[PDB]
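Asks: Got a structure here, written out as structure tokens. Questions coming.
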Amino acid sequence: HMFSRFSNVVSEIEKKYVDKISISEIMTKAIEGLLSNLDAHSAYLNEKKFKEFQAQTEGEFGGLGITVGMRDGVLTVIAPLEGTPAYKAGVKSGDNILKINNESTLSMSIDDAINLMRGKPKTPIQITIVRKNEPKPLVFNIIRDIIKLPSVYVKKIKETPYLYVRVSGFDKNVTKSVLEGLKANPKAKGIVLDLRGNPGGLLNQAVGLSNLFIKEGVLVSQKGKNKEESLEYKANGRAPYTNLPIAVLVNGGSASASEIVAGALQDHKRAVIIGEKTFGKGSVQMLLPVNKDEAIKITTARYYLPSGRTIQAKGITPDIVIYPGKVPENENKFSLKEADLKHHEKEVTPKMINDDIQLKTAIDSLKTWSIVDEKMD
Amino acid sequence: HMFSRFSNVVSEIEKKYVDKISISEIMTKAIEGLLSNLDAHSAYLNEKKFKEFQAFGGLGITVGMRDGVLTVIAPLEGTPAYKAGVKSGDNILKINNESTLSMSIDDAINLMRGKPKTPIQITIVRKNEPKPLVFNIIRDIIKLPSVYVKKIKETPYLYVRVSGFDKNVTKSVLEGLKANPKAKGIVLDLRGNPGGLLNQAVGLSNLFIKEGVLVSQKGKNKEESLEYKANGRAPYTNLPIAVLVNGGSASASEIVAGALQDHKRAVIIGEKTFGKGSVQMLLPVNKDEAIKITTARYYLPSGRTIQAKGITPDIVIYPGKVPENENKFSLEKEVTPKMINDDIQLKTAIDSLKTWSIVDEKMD
Amino acid sequence: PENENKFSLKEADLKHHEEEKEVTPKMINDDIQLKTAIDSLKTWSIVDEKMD
């Protein structure tokens, strides 16, 4: 029997125990061992965990509101959601959240961390971050105050028609919000999507946002392994803005939907991705009830871009790659003109364009598009 | 039957997972998860690992790998590496195109210990000359300094450093102590020395303690649980002792320290110990497989377990960045004042040894 | 600008195992303006490919 080896091993444990626990525990620690040893994101749900995760839902218990993911085995936060207390703190993407509540988080299921972040909004919680930049495993606490914020908002640009449009999380009406904002400024001839630092969102909104700017459309493919269950998304015919120049921004703090929409455009040559590589959260997971009063959480399909590639590990490699930094400024005043010369708040300001270079190069890449468009009359 | 849960789960992991794995690799991925999740030290050994473990001195150069570069800290005198004069920074560039410098695992694990008779011409390069070189380095089985007696500068105390509890530490200690037998003090150095044969630790303990129980290995089984009790032939029942422990001391090195402390037969000087109080015997389960599992725990004569709890030294003290050496004092064959002053742990060991001598006199 | 914590090479003189014949990134990174020009050319190429 191919199945024999497991029962043979467990039988040995029964007689050469060092603890005192029945076969129930050996089975429980066997299954939970398998899931964590198969893929990073999976986890087990016993009767209690399944019961307390099946139905509970409320806005208050959202908690810090940050998002978490697995890098290579060491847990790391992917990006703090803009405006949350963690965002206002020193939390930054790419760091390893070693412990929560002074509890060793190493080799612990990610869904447990997600549950731990949940709690009453007015409750302090400590975290032992680890920043590769520094040699000290810094520690800091912050209250669980939950903030709900539609990150969608259209800000004009002072001296250009181009529209700044930040999407830092796909809520239920991100598509409607962006459509209304863009419609409010018909005169504009440019969009610079700042998907930077956007941990992710729900696919039924990223697909709509991508459909907004594409006519024919083969957006994403949630394939999996069952050929009969493979799903392919296609953008409908309508495309209100199928000609506006675009320039997307992406950094390591954006994954899942934030590289579903960015990746989709890059493959349709419908925009130029600017910034640096993304995290690469390219898998989906569902909660499958397995046995009586229990369930598991296992990846079921990987996201496929139009060109057939996968976001699981490679991420998105932006066409124009530039790391954040302050824009160089003029320093010298040359003698351009001499004696005997001949004669004859609520908007994005040049200061906020200057302090950061990634937004200065995204607007520049819109100017070249305008020039090329004018060359065709 | 009771195997319903795993059988029901393995079906879902077979139909819904995205990579379409087989029922064999999943099972190899299941029991592997069980042991790793059972106890921290447990591990699964397949047939390949079985033959590897079944079938011994290392090259001896301390591969610190500091800042990625394989920087040698100190070679071992027993190996020809010391004879050649391997200097700090010497690098093993590559064995066979694997770029060992990126991560040195395979070389040390299975080329230095396994088959020591390998032709040693492994891209001999130096810090000052990256190009390949020839230094006529030879490799073979290497003796280790499991016992190292350096005596002391001017006092009747014998510095005894044991780096590993191998089967011959007891006889070497006997010979060393019998050398300069007139000395009336001993300083054990267990700093490091992760462990060794339990029988050897019991022998070293019997070398001092007279009649009490040294170590107990009850574990769980009502049978087995064999006790070890001292014997009346303890040669030195009154010679002062002062053992030095550290975070790097565990297993054998912490059951000797624990036994002496519980009998009040020595002074434990140092810091908290690791706590490697567990015995793990490989157990074949199939024709070509075996599993390593915790089998028994070590309880001390007082009864306290050697868990991660470890041992709390009597005189807590740290190695010391700045010993008492430069605080405005003015107005090679043995242990001279130099290395005594280099670290404060040995200084405190010798100091605590002296008080014992004085107390011996007040009562004699 | 660049962000890095440890040398990309193990050492400046180790692990590395006609210059005018073509530009190389080491000289591009010295002059931000040439980098911006290459970025503008890349945007032009992407825009031109959008007309297929």
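Note on naming: chains are A, B, ... as they come in the structure tokens, residues start from 1 per chain, ligands start from 1 in the order shown.
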Compute the chain A side of the contact with chain C at 12 Å, counting only C-alpha atoms, and hand it back as a ChimeraX atom specification.

Replies: /A:131-135,214,242-247,265-276,318-328,356-358,360-373,375-376

Asks: Once you count only C-alpha atoms, which residues of chain A turn out to be within 10 Å of chain B? Could you give them as a ChimeraX atom specification?

Replies: /A:2-13,15-20,23-39,107,223-226,283,285-286,288-292,294-296,298-302

Asks: Show me, as a PyMOL selection string, the residues of chain C whose atoms get within 12 Å of chain B, using only C-alpha atoms for the distance check.

Replies: chain C and resi 6-17

Asks: Can you write out the residues you just picked, keeping N, CA, C and O atoms, as a PDB file, in the first residue's frame?

Replies:
ATOM      1  N   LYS C   6      24.194  46.095   0.673  1.00  0.00           N
ATOM      2  CA  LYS C   6      25.456  45.379   0.575  1.00  0.00           C
ATOM      3  C   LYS C   6      25.939  45.422  -0.867  1.00  0.00           C
ATOM      4  O   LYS C   6      25.141  45.542  -1.801  1.00  0.00           O
ATOM      5  N   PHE C   7      27.255  45.325  -1.039  1.00  0.00           N
ATOM      6  CA  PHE C   7      27.832  45.382  -2.374  1.00  0.00           C
ATOM      7  C   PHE C   7      27.215  44.308  -3.259  1.00  0.00           C
ATOM      8  O   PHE C   7      27.068  43.154  -2.847  1.00  0.00           O
ATOM      9  N   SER C   8      26.849  44.694  -4.484  1.00  0.00           N
ATOM     10  CA  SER C   8      26.324  43.717  -5.430  1.00  0.00           C
ATOM     11  C   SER C   8      27.340  42.616  -5.698  1.00  0.00           C
ATOM     12  O   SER C   8      26.973  41.439  -5.789  1.00  0.00           O
ATOM     13  N   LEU C   9      28.613  42.977  -5.825  1.00  0.00           N
ATOM     14  CA  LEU C   9      29.690  42.007  -5.928  1.00  0.00           C
ATOM     15  C   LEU C   9      30.130  41.595  -4.531  1.00  0.00           C
ATOM     16  O   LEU C   9      30.081  42.394  -3.591  1.00  0.00           O
ATOM     17  N   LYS C  10      30.559  40.338  -4.396  1.00  0.00           N
ATOM     18  CA  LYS C  10      31.035  39.860  -3.102  1.00  0.00           C
ATOM     19  C   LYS C  10      32.159  40.749  -2.585  1.00  0.00           C
ATOM     20  O   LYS C  10      32.161  41.159  -1.418  1.00  0.00           O
ATOM     21  N   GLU C  11      33.123  41.058  -3.448  1.00  0.00           N
ATOM     22  CA  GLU C  11      34.138  42.062  -3.171  1.00  0.00           C
ATOM     23  C   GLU C  11      34.442  42.804  -4.463  1.00  0.00           C
ATOM     24  O   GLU C  11      34.232  42.280  -5.560  1.00  0.00           O
ATOM     25  N   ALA C  12      34.933  44.037  -4.324  1.00  0.00           N
ATOM     26  CA  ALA C  12      35.197  44.858  -5.501  1.00  0.00           C
ATOM     27  C   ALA C  12      36.180  44.182  -6.448  1.00  0.00           C
ATOM     28  O   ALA C  12      36.119  44.402  -7.663  1.00  0.00           O
ATOM     29  N   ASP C  13      37.085  43.360  -5.917  1.00  0.00           N
ATOM     30  CA  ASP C  13      38.095  42.686  -6.721  1.00  0.00           C
ATOM     31  C   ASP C  13      37.841  41.195  -6.897  1.00  0.00           C
ATOM     32  O   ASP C  13      38.617  40.536  -7.598  1.00  0.00           O
ATOM     33  N   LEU C  14      36.789  40.649  -6.294  1.00  0.00           N
ATOM     34  CA  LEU C  14      36.474  39.232  -6.383  1.00  0.00           C
ATOM     35  C   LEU C  14      35.048  39.045  -6.885  1.00  0.00           C
ATOM     36  O   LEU C  14      34.218  39.956  -6.819  1.00  0.00           O
ATOM     37  N   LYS C  15      34.777  37.846  -7.398  1.00  0.00           N
ATOM     38  CA  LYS C  15      33.479  37.420  -7.911  1.00  0.00           C
ATOM     39  C   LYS C  15      33.154  38.030  -9.270  1.00  0.00           C
ATOM     40  O   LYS C  15      32.122  37.681  -9.857  1.00  0.00           O
ATOM     41  N   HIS C  16      33.999  38.915  -9.798  1.00  0.00           N
ATOM     42  CA  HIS C  16      33.735  39.546 -11.084  1.00  0.00           C
ATOM     43  C   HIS C  16      34.169  38.691 -12.267  1.00  0.00           C
ATOM     44  O   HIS C  16      33.953  39.098 -13.414  1.00  0.00           O
ATOM     45  N   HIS C  17      34.769  37.530 -12.023  1.00  0.00           N
ATOM     46  CA  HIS C  17      35.243  36.670 -13.102  1.00  0.00           C
ATOM     47  C   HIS C  17      34.086  36.215 -13.985  1.00  0.00           C
ATOM     48  O   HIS C  17      34.135  35.142 -14.586  1.00  0.00           O
TER      49      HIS C  17
END

Asks: Name the residues in contact with residue 196 in chain B at a cut-off of 8 Å, using only C-alpha atoms, excluding same-chain residues fewer than 4 positions from it; report them as a list in words.

Replies: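 The residues that qualify are residues 164, 165, 166, 200, 201, 251, 252 and 253 of chain B.
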
Asks: Would you kindly return, as a PyMOL selection string, each protein, DNA or RNA residue with an atom no farther than 8 Å from any atom of residue 197 in chain A, considering only C-alpha atoms and excluding same-chain residues fewer than 4 positions away?

Replies: chain A and resi 79-81+168+250-254

Asks: Take the selection from the previous step and output its residues with N, CA, C and O atoms, as an mmCIF file, in the first residue's frame.

Replies:
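And here is the file that came out, again29.cif:
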data_model
loop_
_atom_site.group_PDB
_atom_site.id
_atom_site.type_symbol
_atom_site.label_atom_id
_atom_site.label_comp_id
_atom_site.auth_asym_id
_atom_site.auth_seq_id
_atom_site.Cartn_x
_atom_site.Cartn_y
_atom_site.Cartn_z
ATOM 1 N N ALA A 79 2.845 46.096 2.209
ATOM 2 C CA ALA A 79 2.724 47.546 2.156
ATOM 3 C C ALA A 79 1.687 48.035 3.161
ATOM 4 O O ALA A 79 0.586 47.475 3.225
ATOM 5 N N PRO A 80 1.981 49.067 3.953
ATOM 6 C CA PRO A 80 0.942 49.636 4.823
ATOM 7 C C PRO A 80 -0.077 50.422 4.010
ATOM 8 O O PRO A 80 0.279 51.181 3.108
ATOM 9 N N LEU A 81 -1.351 50.235 4.340
ATOM 10 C CA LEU A 81 -2.414 50.918 3.617
ATOM 11 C C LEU A 81 -2.405 52.401 3.973
ATOM 12 O O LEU A 81 -2.313 52.774 5.145
ATOM 13 N N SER A 168 -4.961 53.551 -4.350
ATOM 14 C CA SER A 168 -4.195 52.872 -3.309
ATOM 15 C C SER A 168 -5.040 51.809 -2.614
ATOM 16 O O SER A 168 -4.996 51.653 -1.393
ATOM 17 N N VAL A 250 4.600 51.816 -10.190
ATOM 18 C CA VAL A 250 4.596 50.589 -9.402
ATOM 19 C C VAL A 250 5.883 50.518 -8.594
ATOM 20 O O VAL A 250 6.962 50.852 -9.093
ATOM 21 N N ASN A 251 5.761 50.090 -7.341
ATOM 22 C CA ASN A 251 6.900 49.847 -6.469
ATOM 23 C C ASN A 251 6.659 48.539 -5.728
ATOM 24 O O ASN A 251 5.610 47.907 -5.870
ATOM 25 N N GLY A 252 7.643 48.132 -4.928
ATOM 26 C CA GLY A 252 7.546 46.884 -4.191
ATOM 27 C C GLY A 252 6.368 46.805 -3.240
ATOM 28 O O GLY A 252 6.116 45.727 -2.688
ATOM 29 N N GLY A 253 5.648 47.902 -3.034
ATOM 30 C CA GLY A 253 4.514 47.907 -2.132
ATOM 31 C C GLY A 253 3.183 47.741 -2.835
ATOM 32 O O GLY A 253 2.139 48.105 -2.284
ATOM 33 N N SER A 254 3.200 47.202 -4.051
ATOM 34 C CA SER A 254 1.985 46.981 -4.823
ATOM 35 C C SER A 254 2.001 45.570 -5.389
ATOM 36 O O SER A 254 2.998 45.149 -5.983
#

Asks: Report, in Å to a single decimal, how far apart CA of residue 340 in chain B and CA of residue 245 in chain B are.

Replies: 16.5 Å

Asks: Write down as an mmCIF file with C-alpha atoms, in the first residue's frame the residues belonging to chain C that are assigned helix (DSSP H, G or I) by DSSP computed on the backbone.

Replies:
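Output saved as out_14.cif:
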data_model
loop_
_atom_site.group_PDB
_atom_site.id
_atom_site.type_symbol
_atom_site.label_atom_id
_atom_site.label_comp_id
_atom_site.auth_asym_id
_atom_site.auth_seq_id
_atom_site.Cartn_x
_atom_site.Cartn_y
_atom_site.Cartn_z
ATOM 1 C CA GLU C 19 34.874 50.344 -23.878
ATOM 2 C CA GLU C 20 33.819 53.186 -26.193
ATOM 3 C CA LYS C 21 32.435 50.608 -28.645
ATOM 4 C CA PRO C 25 24.920 51.639 -17.791
ATOM 5 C CA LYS C 26 27.912 52.664 -15.666
ATOM 6 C CA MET C 27 28.255 55.857 -17.728
ATOM 7 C CA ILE C 28 24.502 56.364 -18.171
ATOM 8 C CA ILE C 32 20.761 61.660 -15.514
ATOM 9 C CA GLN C 33 20.004 63.559 -18.728
ATOM 10 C CA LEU C 34 21.080 60.726 -21.031
ATOM 11 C CA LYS C 35 18.945 58.389 -18.926
ATOM 12 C CA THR C 36 15.967 60.712 -19.390
ATOM 13 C CA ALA C 37 16.615 60.770 -23.137
ATOM 14 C CA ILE C 38 16.631 56.971 -23.268
ATOM 15 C CA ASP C 39 13.397 56.934 -21.261
ATOM 16 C CA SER C 40 11.780 59.334 -23.733
ATOM 17 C CA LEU C 41 12.913 57.134 -26.616
ATOM 18 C CA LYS C 42 11.406 54.101 -24.873
ATOM 19 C CA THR C 43 8.097 55.926 -24.438
ATOM 20 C CA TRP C 44 8.198 56.840 -28.126
ATOM 21 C CA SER C 45 8.820 53.199 -29.046
ATOM 22 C CA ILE C 46 5.903 52.009 -26.910
ATOM 23 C CA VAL C 47 3.609 54.650 -28.412
ATOM 24 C CA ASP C 48 4.644 53.708 -31.947
ATOM 25 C CA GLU C 49 3.991 50.030 -31.213
#

Asks: Mind pulling up the distance from CA of residue 97 in chain A to CA of residue 140 in chain A?

Replies: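 Separation of CA of residue 140 in chain A and CA of residue 97 in chain A: 11.1 Å.
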
Asks: Taking the DSSP assignment computed from this structure's backbone, write out as a list in words all residues of range 269-339 of chain A that belong to strand (DSSP E).

Replies: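 Restricting range 269-339 of chain A to strand (DSSP E) produces residues 273, 274, 275, 283, 284, 285, 286, 287, 288, 295, 296, 297, 298, 299, 300, 301, 302, 303, 304, 320 and 321 of chain A.
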
Asks: For the residues in the current selection, export N, CA and C atoms as a PDB file, in the first residue's frame.

Replies:
ATOM      1  N   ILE A 273       4.857  51.356 -17.748  1.00  0.00           N
ATOM      2  CA  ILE A 273       4.984  51.107 -16.318  1.00  0.00           C
ATOM      3  C   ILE A 273       6.307  51.686 -15.843  1.00  0.00           C
ATOM      4  N   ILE A 274       6.246  52.527 -14.815  1.00  0.00           N
ATOM      5  CA  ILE A 274       7.392  53.286 -14.336  1.00  0.00           C
ATOM      6  C   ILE A 274       7.568  53.029 -12.849  1.00  0.00           C
ATOM      7  N   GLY A 275       8.821  52.919 -12.424  1.00  0.00           N
ATOM      8  CA  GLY A 275       9.115  52.667 -11.026  1.00  0.00           C
ATOM      9  C   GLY A 275      10.144  51.574 -10.845  1.00  0.00           C
ATOM     10  N   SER A 283      -1.205  34.721  -6.775  1.00  0.00           N
ATOM     11  CA  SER A 283      -1.959  33.506  -6.499  1.00  0.00           C
ATOM     12  C   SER A 283      -3.249  33.857  -5.773  1.00  0.00           C
ATOM     13  N   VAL A 284      -4.252  33.000  -5.941  1.00  0.00           N
ATOM     14  CA  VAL A 284      -5.544  33.155  -5.287  1.00  0.00           C
ATOM     15  C   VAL A 284      -5.780  31.946  -4.394  1.00  0.00           C
ATOM     16  N   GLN A 285      -6.512  32.167  -3.305  1.00  0.00           N
ATOM     17  CA  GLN A 285      -6.797  31.119  -2.337  1.00  0.00           C
ATOM     18  C   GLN A 285      -8.274  31.153  -1.979  1.00  0.00           C
ATOM     19  N   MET A 286      -8.835  29.971  -1.740  1.00  0.00           N
ATOM     20  CA  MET A 286     -10.230  29.830  -1.354  1.00  0.00           C
ATOM     21  C   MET A 286     -10.319  28.957  -0.112  1.00  0.00           C
ATOM     22  N   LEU A 287     -11.445  29.079   0.587  1.00  0.00           N
ATOM     23  CA  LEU A 287     -11.689  28.366   1.841  1.00  0.00           C
ATOM     24  C   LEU A 287     -12.575  27.163   1.525  1.00  0.00           C
ATOM     25  N   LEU A 288     -11.955  25.982   1.451  1.00  0.00           N
ATOM     26  CA  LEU A 288     -12.659  24.760   1.080  1.00  0.00           C
ATOM     27  C   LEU A 288     -12.999  23.958   2.331  1.00  0.00           C
ATOM     28  N   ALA A 295     -11.996  22.829   7.840  1.00  0.00           N
ATOM     29  CA  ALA A 295     -11.778  23.346   6.495  1.00  0.00           C
ATOM     30  C   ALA A 295     -10.297  23.673   6.348  1.00  0.00           C
ATOM     31  N   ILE A 296      -9.888  23.949   5.109  1.00  0.00           N
ATOM     32  CA  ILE A 296      -8.509  24.305   4.800  1.00  0.00           C
ATOM     33  C   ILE A 296      -8.497  25.491   3.848  1.00  0.00           C
ATOM     34  N   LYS A 297      -7.323  26.110   3.736  1.00  0.00           N
ATOM     35  CA  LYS A 297      -7.100  27.291   2.908  1.00  0.00           C
ATOM     36  C   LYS A 297      -5.914  26.995   2.000  1.00  0.00           C
ATOM     37  N   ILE A 298      -6.180  26.779   0.715  1.00  0.00           N
ATOM     38  CA  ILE A 298      -5.164  26.311  -0.221  1.00  0.00           C
ATOM     39  C   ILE A 298      -5.263  27.103  -1.517  1.00  0.00           C
ATOM     40  N   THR A 299      -4.107  27.457  -2.078  1.00  0.00           N
ATOM     41  CA  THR A 299      -4.077  28.119  -3.375  1.00  0.00           C
ATOM     42  C   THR A 299      -4.726  27.233  -4.429  1.00  0.00           C
ATOM     43  N   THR A 300      -5.572  27.837  -5.263  1.00  0.00           N
ATOM     44  CA  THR A 300      -6.311  27.093  -6.275  1.00  0.00           C
ATOM     45  C   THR A 300      -6.068  27.560  -7.702  1.00  0.00           C
ATOM     46  N   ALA A 301      -5.607  28.788  -7.921  1.00  0.00           N
ATOM     47  CA  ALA A 301      -5.336  29.258  -9.271  1.00  0.00           C
ATOM     48  C   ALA A 301      -4.314  30.382  -9.220  1.00  0.00           C
ATOM     49  N   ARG A 302      -3.418  30.399 -10.200  1.00  0.00           N
ATOM     50  CA  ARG A 302      -2.459  31.479 -10.363  1.00  0.00           C
ATOM     51  C   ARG A 302      -2.924  32.418 -11.467  1.00  0.00           C
ATOM     52  N   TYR A 303      -2.576  33.693 -11.327  1.00  0.00           N
ATOM     53  CA  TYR A 303      -2.996  34.713 -12.277  1.00  0.00           C
ATOM     54  C   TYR A 303      -2.035  34.741 -13.457  1.00  0.00           C
ATOM     55  N   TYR A 304      -2.592  34.778 -14.662  1.00  0.00           N
ATOM     56  CA  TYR A 304      -1.822  34.740 -15.896  1.00  0.00           C
ATOM     57  C   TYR A 304      -2.086  36.016 -16.681  1.00  0.00           C
ATOM     58  N   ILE A 320      10.470  51.755 -17.615  1.00  0.00           N
ATOM     59  CA  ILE A 320      11.350  52.817 -17.145  1.00  0.00           C
ATOM     60  C   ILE A 320      11.535  52.604 -15.651  1.00  0.00           C
ATOM     61  N   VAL A 321      12.754  52.272 -15.237  1.00  0.00           N
ATOM     62  CA  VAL A 321      13.039  51.903 -13.856  1.00  0.00           C
ATOM     63  C   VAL A 321      13.865  53.012 -13.220  1.00  0.00           C
TER      64      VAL A 321
END

Asks: For residue 72 in chain A, find every residue with an atom within 12 Å (counting only C-alpha atoms), except residues of its own chain fewer than 4 positions away, and show them as a ChimeraX atom specification.

Replies: /A:39-41,76,94,96,107,279-280,313

Asks: Just want the 7 Å neighbourhood of residue 256 in chain A, counted on only C-alpha atoms, with same-chain residues fewer than 3 positions away dropped. Output as a list in words.

Replies: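 After dropping sequence-adjacent residues, the list is residues 200, 201, 259, 260, 281 and 282 of chain A.
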
Asks: Any idea what's packed within 7 Å of range 72-86 of chain B, counting only C-alpha atoms, ignoring anything in its chain fewer than 4 positions away? Could you give it as a ChimeraX atom specification?

Replies: /B:59-64,90,137-139,142-144
